[PDB]
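Visitor: Structure, please.
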Amino acid sequence: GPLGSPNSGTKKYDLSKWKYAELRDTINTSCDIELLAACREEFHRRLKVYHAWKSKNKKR
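Guide: Numbering: from 1, shown residues only. Have a look at this structure:
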């Protein structure tokens with residue numbers, strides 16, 4: 001089609017690891033279905049593992 005794009009070597013978003021500062025700042029400064037959607041995914045995810053570490057919560 002029109003768009004040839006004879007050079008592909010990157011993705012759309014990538015947040016291997018972000019800081020708590022930029023996290024809150026970017027969410028309160030930037031705005032985008034992706035930025036926010038990704039921000040929440042990291043918040044919930046990062047928090048999910050946080051609890052898992054401390055206590056995996058398990059009562060046999």
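
Visitor: Could you give me the buried positions within the top helix by length along the chain?
Guide: If you go by DSSP state H, the chain has its longest helix at helix 33-54. The neighbour-count check on helix 33-54 (16 or more other Cβ atoms under 10 Å) flags 38-39 as buried. All C-beta spots, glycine's among them, are computed from the backbone N, C-alpha and C.

Visitor: For it, enumerate the helices and strands it packs against.
Guide: Under the contact definition 3 or more Cβ pairs under 8 Å, 6 or more residues apart in numbering; DSSP states H and E, helix 33-54 sits against helix 20-29.

Visitor: With only the CA atoms kept, save the helix it packs on in CSV.
Guide: Taking C-alpha atoms only, helix 20-29 is exported to CSV below (Å, rounded to 0.1, in the frame of the first residue of the first chain):
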residue,chain,number,x,y,z
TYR,A,20,7.3,6.5,40.8
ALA,A,21,8.0,10.2,40.0
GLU,A,22,7.6,10.1,36.2
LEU,A,23,4.7,7.6,36.7
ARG,A,24,2.5,10.1,38.6
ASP,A,25,3.8,13.1,36.7
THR,A,26,3.3,11.5,33.2
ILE,A,27,-0.2,10.5,34.3
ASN,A,28,-0.9,14.0,35.5
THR,A,29,0.9,15.8,32.6
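
Visitor: that older thread, from the chain's centre, how far out does the longest helix of the chain sit?
Guide: Taking the mean of its C-alpha atoms, helix 33-54 sits 7 Å from the chain's own mean (Cα atoms, centre = their mean, to the nearest Å).

Visitor: repeat for stretch 3-20
Guide: Stretch 3-20 sits 13 Å away from the centroid of its parent chain (Cα atoms, centre = their mean).

Visitor: got a list of what residue 42 touches?
Guide: 15, 18, 23 (Cβ atoms under 8 Å, 6 or more residues apart in numbering).

Visitor: ok, for the second one, nearest residue in space, not its chain neighbours?
Guide: If you skip the residues right next to it in sequence, residue 18 has residue 42 as its closest partner in space, 6.6 Å away by Cβ to Cβ, 6 or more residues apart in numbering.

Visitor: Thanks a lot, see you next time.
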